[PDB]
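Protein chains in written order, with PDB author numbering: chain B, 3 to 213; chain A, 3 to 212; chain C, 1 to 120; chain D, 1 to 101, 104 to 120. Notes for the one structure printed next.
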Amino acid sequence: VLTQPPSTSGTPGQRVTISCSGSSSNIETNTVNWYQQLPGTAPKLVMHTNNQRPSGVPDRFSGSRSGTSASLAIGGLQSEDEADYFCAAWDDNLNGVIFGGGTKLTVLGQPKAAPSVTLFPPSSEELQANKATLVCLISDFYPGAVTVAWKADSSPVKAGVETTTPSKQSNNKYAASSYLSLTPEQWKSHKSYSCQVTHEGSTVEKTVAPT
Amino acid sequence: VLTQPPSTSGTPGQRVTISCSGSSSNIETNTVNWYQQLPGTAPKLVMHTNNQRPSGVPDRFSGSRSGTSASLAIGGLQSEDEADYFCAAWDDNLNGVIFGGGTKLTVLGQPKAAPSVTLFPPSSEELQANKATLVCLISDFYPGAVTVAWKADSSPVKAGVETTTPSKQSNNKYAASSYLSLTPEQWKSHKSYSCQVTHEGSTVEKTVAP
Amino acid sequence: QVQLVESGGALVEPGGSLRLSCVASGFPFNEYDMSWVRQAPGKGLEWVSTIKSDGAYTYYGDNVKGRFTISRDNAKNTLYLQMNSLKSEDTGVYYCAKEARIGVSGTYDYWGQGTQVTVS
Amino acid sequence: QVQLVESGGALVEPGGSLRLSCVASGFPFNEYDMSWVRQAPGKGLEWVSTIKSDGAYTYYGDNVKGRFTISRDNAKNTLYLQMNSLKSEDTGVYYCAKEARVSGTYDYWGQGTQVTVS
Ligand SMILES: [Cl-]
Ligand SMILES: [Cl-]
Ligand SMILES: [Cl-]
Ligand SMILES: [Cl-]
Ligand SMILES: [Cl-]
Ligand SMILES: [Cl-]
Ligand SMILES: [Cl-]
Ligand SMILES: [Cl-]
Ligand SMILES: [Cl-]
Ligand SMILES: [Cl-]
Ligand SMILES: [Cl-]
Ligand SMILES: [Cl-]
Ligand SMILES: [Cl-]
Ligand SMILES: [Cl-]
Ligand SMILES: [Cl-]
Numbered sequence: 003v004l005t006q007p008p009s010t011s012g013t014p015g016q017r018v019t020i021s022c023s024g025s026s027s028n029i030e031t032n033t034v035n036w037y038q039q040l041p042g043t044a045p046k047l048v049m050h051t052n053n054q055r056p057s058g059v060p061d062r063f064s065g066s067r068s069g070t071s072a073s074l075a076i077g078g079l080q081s082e083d084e085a086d087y088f089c090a091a092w093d094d095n096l097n098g099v100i101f102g103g104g105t106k107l108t109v110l111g112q113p114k115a116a117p118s119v120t121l122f123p124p125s126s127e128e129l130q131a132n133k134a135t136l137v138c139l140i141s142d143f144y145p146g147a148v149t150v151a152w153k154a155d156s157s158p159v160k161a162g163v164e165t166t167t168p169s170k171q172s173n174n175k176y177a178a179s180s181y182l183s184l185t186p187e188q189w190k191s192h193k194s195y196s197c198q199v200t201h202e203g204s205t206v207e208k209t210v211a212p213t
Numbered sequence: 003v004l005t006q007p008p009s010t011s012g013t014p015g016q017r018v019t020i021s022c023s024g025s026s027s028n029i030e031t032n033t034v035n036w037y038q039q040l041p042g043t044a045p046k047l048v049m050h051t052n053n054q055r056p057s058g059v060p061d062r063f064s065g066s067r068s069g070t071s072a073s074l075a076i077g078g079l080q081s082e083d084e085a086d087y088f089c090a091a092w093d094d095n096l097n098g099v100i101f102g103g104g105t106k107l108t109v110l111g112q113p114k115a116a117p118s119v120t121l122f123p124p125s126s127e128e129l130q131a132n133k134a135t136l137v138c139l140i141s142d143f144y145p146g147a148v149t150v151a152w153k154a155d156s157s158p159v160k161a162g163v164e165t166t167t168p169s170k171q172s173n174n175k176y177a178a179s180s181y182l183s184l185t186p187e188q189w190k191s192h193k194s195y196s197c198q199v200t201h202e203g204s205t206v207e208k209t210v211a212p
Numbered sequence: 001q002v003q004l005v006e007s008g009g010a011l012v013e014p015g016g017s018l019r020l021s022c023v024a025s026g027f028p029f030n031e032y033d034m035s036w037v038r039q040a041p042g043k044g045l046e047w048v049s050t051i052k053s054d055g056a057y058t059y060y061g062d063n064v065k066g067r068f069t070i071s072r073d074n075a076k077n078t079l080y081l082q083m084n085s086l087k088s089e090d091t092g093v094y095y096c097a098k099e100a101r102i103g104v105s106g107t108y109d110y111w112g113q114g115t116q117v118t119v120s
Numbered sequence: 001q002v003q004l005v006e007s008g009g010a011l012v013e014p015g016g017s018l019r020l021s022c023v024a025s026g027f028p029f030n031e032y033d034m035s036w037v038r039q040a041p042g043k044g045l046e047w048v049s050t051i052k053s054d055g056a057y058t059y060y061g062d063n064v065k066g067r068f069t070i071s072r073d074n075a076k077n078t079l080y081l082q083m084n085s086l087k088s089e090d091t092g093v094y095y096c097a098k099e100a101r104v105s106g107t108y109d110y111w112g113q114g115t116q117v118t119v120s
């Protein structure tokens with residue numbers, strides 16, 4: 003897939019850019035297109051053939067590409083532009099269309115904040131029921147975009163992990179919780195488990211053990 | 003407010019209704035309008051003066067009202083229709099505009115499921131930091147609409163409650179967590195705390211004590 | 001085409017004052033009645049205030065009665081909502097809404113993009 | 001106006017089969033190439049398949065190569081995606097996408115359908 007920043011943000015009326023970079027078999031050969039998706043709805047094409055704008059797309063939108071990278075730029079930022087943005091292009095190696103990771107765009111209404119990670123060990127009640135579940139709690143973070151990782155000792159656990167999309171709190175600071183479903187044998191056997199949270203390039207980790 | 007179902011749902015292609023009922027003060031002697039809002043965006047008017055449909059609104063939409071109750075009707079359910087629906091009418095007593103609680107509409111792609119409530123006590127580490135926070139975990143429930151309640155002993159807790167809007171899980175069952183933040187002294191004082199989850203009129207509750 | 005742009009939403013401490021600004025385009029501003037609709041985070045729509053075509057009669061919600069001052073400048077096609085002695089319950093997003101009928105009904109054709117107001 | 005409606009999505013156990021149906025309106029179906037784009041729950045957009053205007057050439061993603069069969073009925077302006085031996089990684093939403101000119107430009111998107119495997 004194409005490497006694009008998970009979160010980018012700017013102040014009302016400012017101009018921000020989303021960078022989409024790929025391999026030489028990707029952007030260099032043919033043109034890159036841009037899509038805008040409001041969460042839970044169908045995407046919309048907002049920039050096609052590098053710099054071309056479909057009818058109905060505001061004049062402030064502009065697209066560009068240089069070599070093996072392309073950057074969508076939006077100006078005169080408005081609340082209307084709050085969405086996830088994707089870049090796409092035809093890739094000759096795969097002989098298909100490749101999409102970007104996805105960039106969440108948010109208009110800053112308050113200063114950036116760091117997440118409050120509090121990792122919870124499995125509750126005694128459910129372990130009595132042969133069910134061990136852990137919950138990592140992320141709160142008071144702004145903007146609402148994070149990356150979560152779960153590791154046992156120093157070995158990452160890739161499956162059984164669920165994460166909720168960030169939601170707003172009564173103070174318009176985002177909150178979300180990633181959780182992992184374990185069997186009691188898994189929970190007791192391993193020495194410890196870690197939850198990893200990534201907010202705007204800064205990563206925090208918390209660890210819990212049965213003791 | 004006006005009484006609306008928190009969640010209503012129907013299989014693809016079925017005809018469903020959203021019921022909005024209030025008081026004699028509002029709907030009975032006024033008209034009721036309907037708005038559709040996709041999450042994080044401005045709402046859109048889809049039915050005005052009860053039975054009149056704005057230009058651009060599909061024929062399948064239809065509205066009606068009787069006395070102090072009203073209902074919006076959709077036929078031929080589609081993926082596109084899934085959104086939050088609100089009813090509104092003028093209230094003479096309040097001398098203002100009153101909105102409904104909001105109805106999340108989802109088209110059933112799988113059978114209804116009950117939530118897995120797992121309530122968590124405060125972890126030793128945060129207690130070492132003189133900050134005690136509680137976490138209730140709701141998972142494997144479908145459709146994605148819930149109401150959470152926190153009670154301390156038998157008294158409901160009015161402040162400090164945060165709830166995340168339901169999010170989809172890798173198996174297209176929704177999940178969300180609600181949390182309560184306290185002081186360690188508050189947690190030690192009370193005998194027990196309860197997390198209450200409400201799914202389509204069926205409610206689950208879990209309780210823990212220090 | 002009709003356009004509605006809100007501004008002025010930001011972060012302030014409780015009891016602070018704020019001024020919201022809404023600019024209209026594409027339709028006779030002085031002809032229709034305007035309104036403010038707000039949505040608390042993770043909560044349904046809540047109604048704030050309306051001002052008639054002339055600006056002669058203003059209605060406020062019971063939760064904000066006597067706290068907010070709504071006003072309009074038909075000459076400049078601009079809508080204002082002055083918010084005084086803000087509480088933490090006012091936290092949310094605020095919308096600008098047009099009205100097509102006489103103005104006594106709750107029917108709004110076009111809604112603004114909105115601005116998010118946070119108080120803590 | 002251009003219209004895209006998807007159907008056939010439901011709940012099935014892994015290894016089962018499913019057929020997706022997309023109906024177009026408002027434009028000459030046989031003139032443009034169509035495609036399927038899918039989005040897993042809590043994941044970015046994923047590319048599935050495209051089928052040429054005539055139906056002569058079919059392109060598939062590496063994740064579903066040899067598993068799915070894409071087809072179209074230009075006479076009925078209908079697009080099909082046959083899904084065989086489904087895995088749990090296939091869970092997600094599926095979109096219908098039109099094309100403007104072997105490129106990644108999609109003018110109109112469908113509502114989408116939910117495909118769930120557990
Ligand atoms: Cl790449
Ligand atoms: Cl959803
Ligand atoms: Cl999604
Ligand atoms: Cl340009
Ligand atoms: Cl250029
Ligand atoms: Cl912390
Ligand atoms: Cl997930
Ligand atoms: Cl009718
Ligand atoms: Cl207390
Ligand atoms: Cl218009
Ligand atoms: Cl007009
Ligand atoms: Cl929300
Ligand atoms: Cl009054
Ligand atoms: Cl004028
Ligand atoms: Cl069109």
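Think of the CB as a built atom: it goes at the ideal place given N, C-alpha and C, for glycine as much as any other residue.
Determine the extent of the alpha helix (DSSP H) in which residue i is found, giving its start and end residues.
{"i": "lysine 190/B", "result": "186-191"}
{"i": "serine 126/A", "result": "126-130"}
Specify the secondary structure class of residue i as computed by DSSP and reduced to three states.
{"i": "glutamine 39/D", "result": "strand"}
{"i": "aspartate 142/A", "result": "strand"}
{"i": "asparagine 28/A", "result": "helix"}
{"i": "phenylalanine 63/A", "result": "coil"}
{"i": "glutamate 82/A", "result": "helix"}
{"i": "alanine 115/B", "result": "strand"}
{"i": "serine 57/A", "result": "coil"}
{"i": "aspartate 73/C", "result": "strand"}
{"i": "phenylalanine 122/B", "result": "strand"}
{"i": "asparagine 30/D", "result": "helix"}
{"i": "residue 103/D", "result": "Structure remark: chain D lacks residues between 101 and 104, so residue 103/D is without coordinates."}
{"i": "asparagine 173/A", "result": "coil"}
{"i": "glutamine 3/C", "result": "strand"}
{"i": "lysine 98/D", "result": "coil"}
Less than 7 Å between C-beta atoms, sequence neighbours within five positions excluded: which residues of the same chain meet that for residue i?
{"i": "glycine 16/C", "result": "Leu86"}
{"i": "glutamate 84/B", "result": "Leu107, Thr108 and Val109"}
Span of the beta strand (DSSP E) holding residue i?
{"i": "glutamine 198/B", "result": "195-201"}
{"i": "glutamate 164/A", "result": "163-165"}
{"i": "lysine 46/A", "result": "46-49"}
{"i": "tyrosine 80/C", "result": "78-83"}
{"i": "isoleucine 76/B", "result": "71-76"}
{"i": "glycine 98/A", "result": "98-101"}
{"i": "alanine 24/D", "result": "18-25"}
{"i": "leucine 4/A", "result": "No beta strand (DSSP E) holds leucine 4/A; DSSP gives it neither H nor E."}
So, at 6 Å on beta carbons, what are the nonlocal neighbours of residue i in its own chain, with the 5 sequence-adjacent residues on each side left out?
{"i": "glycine 55/C", "result": "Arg72"}
{"i": "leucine 139/A", "result": "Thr120 and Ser179"}
{"i": "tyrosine 95/D", "result": "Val37, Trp111, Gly112 and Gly114"}
{"i": "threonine 69/D", "result": "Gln82"}
{"i": "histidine 192/B", "result": "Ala154"}
{"i": "residue 233/B", "result": "Any question about residue 233/B goes unanswered here, given that chain B covers just 3 to 213."}
{"i": "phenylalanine 29/C", "result": "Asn74 and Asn77"}
{"i": "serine 25/D", "result": "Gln3"}
Which one or two residues does DSSP pair with residue i in a beta bridge?
{"i": "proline 158/B", "result": "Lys153/B"}
{"i": "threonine 118/D", "result": "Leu11/D"}
{"i": "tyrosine 108/D", "result": "For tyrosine 108/D, which the question treats as bridged, DSSP gives no partner whatsoever."}
{"i": "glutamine 38/A", "result": "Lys46/A and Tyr87/A"}
Less than 8 Å between C-beta atoms, sequence neighbours within five positions excluded: which residues of the same chain meet that for residue i?
{"i": "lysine 170/A", "result": "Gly146, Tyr176 and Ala177"}
{"i": "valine 59/A", "result": "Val48 and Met49"}
{"i": "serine 71/B", "result": "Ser21, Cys22, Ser23, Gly24 and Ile29"}
Quiz item: Under a criterion of Cβ closer than 7 Å to any non-hydrogen atom of ligand 13, which residues qualify, in chain order?
Solution: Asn97/A, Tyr59/C, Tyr60/C and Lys65/C
Self-check item: Chain-ordered list of residues that sit, by beta carbon, closer than 7 Å to a heavy atom of ligand 6
Solution: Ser118/B, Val119/B and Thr120/B
Quiz item: If you measure from each residue's Cβ to the nearest non-hydrogen atom of ligand 12, which ones come out under 7 Å, in chain order?
Solution: The set of residues with CB atoms less than 7 Å from any heavy atom of ligand 12 reads, in chain order, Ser169/B, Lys170/B, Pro41/A, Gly42/A, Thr167/A, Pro41/C and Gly42/C.
Practice problem: Please list, following the chain, all residues that have a C-beta closer than 7 Å to any non-hydrogen atom of ligand 14. | Solution: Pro28/C, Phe29/C, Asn30/C, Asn74/C, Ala75/C and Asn77/C
Quiz prompt | Heavy atoms of ligand 15 versus C-beta positions, residues under 5 Å | solution = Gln1/D and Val2/D
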